[PDB]
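K.L.:
There's a structure below that I have some questions on.
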2 protein chains.
Amino acid sequence: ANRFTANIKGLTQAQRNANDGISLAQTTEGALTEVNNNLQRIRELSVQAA
Amino acid sequence: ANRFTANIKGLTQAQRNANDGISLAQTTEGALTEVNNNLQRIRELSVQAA
(Lines give C-alpha, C1' and ligand atoms only; values in the text may rest on other atoms or scores of the structure.)
Protein backbone atom coordinates (compact mmCIF):
# COMPACT_ATOMS: atom_id res chain seq x y z
CA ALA A 1 0.00 0.00 0.00
CA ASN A 2 2.91 2.33 0.72
CA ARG A 3 4.17 1.73 -2.79
CA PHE A 4 0.74 2.38 -4.35
CA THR A 5 0.44 5.71 -2.55
CA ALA A 6 4.01 6.48 -3.51
CA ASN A 7 3.12 5.98 -7.15
CA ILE A 8 -0.09 8.04 -7.31
CA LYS A 9 1.24 11.53 -6.62
CA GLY A 10 3.86 11.36 -9.35
CA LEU A 11 1.17 10.75 -11.94
CA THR A 12 -0.79 13.71 -10.63
CA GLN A 13 2.17 16.02 -11.07
CA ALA A 14 2.75 14.60 -14.54
CA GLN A 15 -0.75 15.67 -15.53
CA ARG A 16 0.21 19.16 -14.40
CA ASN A 17 3.35 19.17 -16.56
CA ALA A 18 1.37 18.08 -19.60
CA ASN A 19 -0.98 21.02 -19.15
CA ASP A 20 1.98 23.39 -19.13
CA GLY A 21 3.26 21.94 -22.40
CA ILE A 22 -0.14 22.43 -24.02
CA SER A 23 -0.08 26.12 -23.16
CA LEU A 24 3.42 26.58 -24.56
CA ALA A 25 2.42 25.14 -27.91
CA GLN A 26 -0.62 27.40 -28.15
CA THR A 27 1.32 30.62 -27.64
CA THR A 28 3.92 29.75 -30.27
CA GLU A 29 1.13 28.92 -32.73
CA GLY A 30 -0.41 32.38 -32.42
CA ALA A 31 2.88 34.11 -33.11
CA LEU A 32 3.42 32.13 -36.31
CA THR A 33 -0.08 33.10 -37.42
CA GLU A 34 0.87 36.76 -37.46
CA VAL A 35 4.09 36.11 -39.38
CA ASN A 36 2.07 34.26 -42.02
CA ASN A 37 -0.27 37.17 -42.61
CA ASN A 38 2.59 39.58 -43.19
CA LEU A 39 4.19 37.30 -45.80
CA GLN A 40 0.89 37.16 -47.70
CA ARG A 41 0.87 40.95 -47.88
CA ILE A 42 4.44 40.97 -49.19
CA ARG A 43 3.48 38.53 -51.97
CA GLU A 44 0.65 40.76 -53.17
CA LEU A 45 2.78 43.92 -53.15
CA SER A 46 5.47 42.18 -55.16
CA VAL A 47 2.98 41.31 -57.88
CA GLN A 48 1.80 44.95 -57.69
CA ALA A 49 5.34 46.09 -58.48
CA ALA A 50 5.79 43.73 -61.43
CA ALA B 1 -6.25 26.42 -48.07
CA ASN B 2 -3.27 28.72 -47.63
CA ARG B 3 -2.03 28.02 -51.15
CA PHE B 4 -5.52 28.65 -52.51
CA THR B 5 -5.56 32.02 -50.75
CA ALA B 6 -2.16 33.00 -52.11
CA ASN B 7 -3.20 32.54 -55.72
CA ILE B 8 -6.57 34.23 -55.26
CA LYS B 9 -4.86 37.34 -53.93
CA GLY B 10 -2.24 37.33 -56.68
CA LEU B 11 -4.76 36.89 -59.49
CA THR B 12 -6.93 39.74 -58.27
CA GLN B 13 -4.17 42.31 -58.81
CA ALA B 14 -3.07 40.63 -62.03
CA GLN B 15 -6.60 41.49 -63.13
CA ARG B 16 -5.94 45.21 -62.64
CA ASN B 17 -2.68 45.18 -64.59
CA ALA B 18 -4.61 44.23 -67.73
CA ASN B 19 -6.87 47.26 -67.26
CA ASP B 20 -3.78 49.43 -67.18
CA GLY B 21 -2.73 47.91 -70.50
CA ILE B 22 -6.12 48.47 -72.13
CA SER B 23 -6.08 52.10 -71.03
CA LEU B 24 -2.64 52.71 -72.52
CA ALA B 25 -3.62 51.15 -75.83
CA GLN B 26 -6.81 53.19 -75.92
CA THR B 27 -5.01 56.47 -75.30
CA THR B 28 -2.57 56.05 -78.19
CA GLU B 29 -5.34 55.68 -80.81
CA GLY B 30 -6.82 59.11 -80.18
CA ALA B 31 -3.42 60.60 -80.87
CA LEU B 32 -3.02 58.75 -84.16
CA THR B 33 -6.40 59.85 -85.52
CA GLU B 34 -5.31 63.48 -85.94
CA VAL B 35 -2.07 62.50 -87.68
CA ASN B 36 -4.18 60.62 -90.19
CA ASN B 37 -6.54 63.56 -90.64
CA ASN B 38 -3.63 65.89 -91.41
CA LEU B 39 -2.01 63.58 -93.97
CA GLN B 40 -5.35 63.26 -95.76
CA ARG B 41 -5.40 67.01 -96.34
CA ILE B 42 -1.75 67.30 -97.34
CA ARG B 43 -2.24 64.83 -100.17
CA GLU B 44 -5.26 66.67 -101.51
CA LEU B 45 -3.49 70.04 -101.40
CA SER B 46 -0.61 68.52 -103.32
CA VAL B 47 -3.11 67.42 -105.96
CA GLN B 48 -4.04 71.06 -106.55
CA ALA B 49 -0.46 72.16 -107.19
CA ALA B 50 0.18 69.89 -110.18
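Please note that chains go A, B, ... in the order of the C-alpha coordinates, that every chain numbers its residues from 1, and that ligands are numbered from 1 in the order shown.
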Determine, counting only C-alpha atoms, which protein, DNA and RNA residues have an atom within 8 Å of an atom of residue 10 (chain B); residues of the same chain fewer than 2 positions away are not included. Present the result as JSON, numbers by chain.
P.N.:
{"A": [43, 44, 47], "B": [6, 7, 8, 12, 13, 14]}
K.L.:
Keeping N, CA and C atoms, export the residues of the selection given above as a PDB file, in the first residue's frame.
P.N.:
ATOM      1  N   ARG A  43       3.728  39.178 -50.675  1.00  0.00           N
ATOM      2  CA  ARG A  43       3.475  38.530 -51.965  1.00  0.00           C
ATOM      3  C   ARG A  43       2.644  39.428 -52.872  1.00  0.00           C
ATOM      4  N   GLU A  44       1.535  39.942 -52.338  1.00  0.00           N
ATOM      5  CA  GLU A  44       0.650  40.756 -53.166  1.00  0.00           C
ATOM      6  C   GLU A  44       1.326  42.049 -53.615  1.00  0.00           C
ATOM      7  N   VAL A  47       3.620  41.398 -56.560  1.00  0.00           N
ATOM      8  CA  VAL A  47       2.979  41.310 -57.878  1.00  0.00           C
ATOM      9  C   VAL A  47       2.441  42.673 -58.320  1.00  0.00           C
TER      10      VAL A  47
ATOM     11  N   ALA B   6      -3.260  32.282 -51.476  1.00  0.00           N
ATOM     12  CA  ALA B   6      -2.160  32.997 -52.109  1.00  0.00           C
ATOM     13  C   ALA B   6      -2.474  33.318 -53.562  1.00  0.00           C
ATOM     14  N   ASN B   7      -2.966  32.329 -54.305  1.00  0.00           N
ATOM     15  CA  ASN B   7      -3.198  32.540 -55.724  1.00  0.00           C
ATOM     16  C   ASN B   7      -4.416  33.412 -55.965  1.00  0.00           C
ATOM     17  N   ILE B   8      -5.441  33.310 -55.116  1.00  0.00           N
ATOM     18  CA  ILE B   8      -6.568  34.231 -55.265  1.00  0.00           C
ATOM     19  C   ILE B   8      -6.095  35.674 -55.163  1.00  0.00           C
ATOM     20  N   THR B  12      -6.082  38.559 -58.301  1.00  0.00           N
ATOM     21  CA  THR B  12      -6.932  39.744 -58.272  1.00  0.00           C
ATOM     22  C   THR B  12      -6.186  40.976 -58.764  1.00  0.00           C
ATOM     23  N   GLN B  13      -4.926  41.141 -58.364  1.00  0.00           N
ATOM     24  CA  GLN B  13      -4.165  42.306 -58.810  1.00  0.00           C
ATOM     25  C   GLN B  13      -3.676  42.130 -60.244  1.00  0.00           C
ATOM     26  N   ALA B  14      -3.376  40.887 -60.626  1.00  0.00           N
ATOM     27  CA  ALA B  14      -3.069  40.633 -62.025  1.00  0.00           C
ATOM     28  C   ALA B  14      -4.220  41.068 -62.912  1.00  0.00           C
TER      29      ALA B  14
END
K.L.:
Give me, as a list in words, the residues of chain A touching chain B, with the criterion being at most 10 Å (counting only C-alpha atoms).
P.N.:
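Residues passing the distance filter: residues 36, 39, 40, 41, 43, 44, 45, 46, 47, 48 and 50 of chain A.
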K.L.:
What is the distance between CA of residue 35 (chain A) and CA of residue 3 (chain B), in Å to one decimal?
P.N.:
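A separation of 15.5 Å between them.
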K.L.:
Hey, can you check how far CA of residue 28 (chain A) sits from CA of residue 15 (chain A)?
P.N.:
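Pair CA of residue 28 (chain A) / CA of residue 15 (chain A) returns 20.9 Å.
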